[PDB]
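A.B. asks: please find the sequence and an experimentally derived structure below.
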Amino acid sequence: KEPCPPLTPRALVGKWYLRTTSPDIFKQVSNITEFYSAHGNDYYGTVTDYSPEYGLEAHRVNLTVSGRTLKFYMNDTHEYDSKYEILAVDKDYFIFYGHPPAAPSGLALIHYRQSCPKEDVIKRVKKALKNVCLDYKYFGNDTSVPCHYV
Ligand SMILES: *[C@@H]1O[C@H](CO)[C@@H](O)[C@H](O)[C@H]1NC(C)=O
Ligand SMILES: *[C@@H]1O[C@H](CO)[C@@H](O)[C@H](O)[C@H]1NC(C)=O
Ligand SMILES: *[C@@H]1O[C@H](CO)[C@@H](O)[C@H](O)[C@H]1NC(C)=O
């Protein structure tokens, strides 16, 4: 579903885990960690992930930021290369939406500071998604990350 959209400098600086998407991408990919550095108003970074075909891998990335849109470019796989709009941004999480080749009709992505986001964060994420006409129950999550015992 297309949202109804509503970025300070340096807000994506740091380590993030991409644990939730709509539609779900986590049958094709897992364990996505990102590290972003700020370069004035842009970012350059590393993503690491597990791939069924490549195993544990890394990508160099550039975020070229232009108001509320940005263009994500990766070095060696172009399937997630797109303009992304920021839907929500917080201390603990950020949400963006784009239309890469992997998901031409729309891909929403939630990145979190924590590896296993708790109820404190998940309640904010849900309210955030409702303010932009999306709904958390249509998101899939990274069920290969162990976040609970048994
Ligand atoms: C998951 O990602 C981290 C890198 O953030 C890595 O250290 C670890 O090996 C990975 N686990 C699996 C099972 O891929
Ligand atoms: C893309 O960039 C990363 C990080 O610098 C590098 O480790 C990775 O292997 C590159 N991919 C290829 C196919 O060269
Ligand atoms: C996946 O979802 C459930 C709740 O929907 C949560 O308890 C679990 O930790 C989540 N996995 C993540 C975010 O890694």
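C.D. replies: Structure's in. What do you need? Numbering: from 1, shown residues only. Ligands and ions are numbered 1, 2, ... in the order given.

A.B. asks: then residue 126 would be within a strand, right?
C.D. replies: No. Assigned with DSSP: H, G, I helix; E, B strand; the rest coil, residue 126 falls outside any strand and is helix.

A.B. asks: now it, nearest residue through space, not along the chain?
C.D. replies: Leaving aside its chain neighbours, residue 126 sits nearest to residue 136 (4.5 Å; criterion: Cβ to Cβ, 6 or more residues apart in numbering). Heads up, the C-betas are built off the backbone N, CA and C, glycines and all.

A.B. asks: ditto for residue 93
C.D. replies: In space, residue 93 is closest to residue 112, 4.9 Å off (Cβ to Cβ, 6+ apart).

A.B. asks: quickly note the distance from the one you found to ligand 1.
C.D. replies: 13 Å (Cβ to the nearest ligand atom, to the nearest Å).

A.B. asks: ok, that residue - contacts?
C.D. replies: 16, 17, 18, 19, 20, 92, 93, 121 (Cβ atoms under 8 Å, 6 or more residues apart in numbering).

A.B. asks: partner residues bridging it?
C.D. replies: The partner list for residue 112 in beta bridges (DSSP bridges) reads residue 17, residue 93.
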